[PDB]
């Protein structure tokens, strides 16, 4: 069993990103999302699955999906931004298992990732615990 505990840091009081969706991919006996002491906790039944969090800033028409999981017994992450209305977390989470551009991100098994949207706002995931069954990450909204 794996857990990834995520601390969300929203660093800029221009716009406001709120949580809107949390998904579990179906491999590795699935998984769950829990809120624990102000943190998001993704629990997974084995290696080879993932879960996604979508955040939306309605004030500024910005959004992103942050995905966390374990691939071949190593943690991975990705961020997708500049979303169309059709790119829910349900959509994006599932794309990591069959869409080549997404598969490759997962296969990279990254301990950290940062991306900017069209407006220049940066978003980052940084794992603070990178090994073992109980992983930890900061999700940083610039």
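Positions refer to the first chain, counted from 1.
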>> If you take the mean CA temperature factor per stretch, which one wins between 21-29 and 115-123?
In response: 115-123
> Checking the entry, which one of 90, 66, 41, 83 has the top C-alpha B factor?
Replying inline: 83
>> Split into thirds by Cα B-factor across the chain's modelled residues, where does residue 102 land: lowest, middle or highest?
In response: highest
> Relative to the other modelled residues in the chain, which third contains the C-alpha temperature factor of residue 56: lowest, middle or highest?
Replying inline: lowest
> Lowest, middle or highest third: where is residue 36 by C-alpha B factor in its chain?
Replying inline: lowest
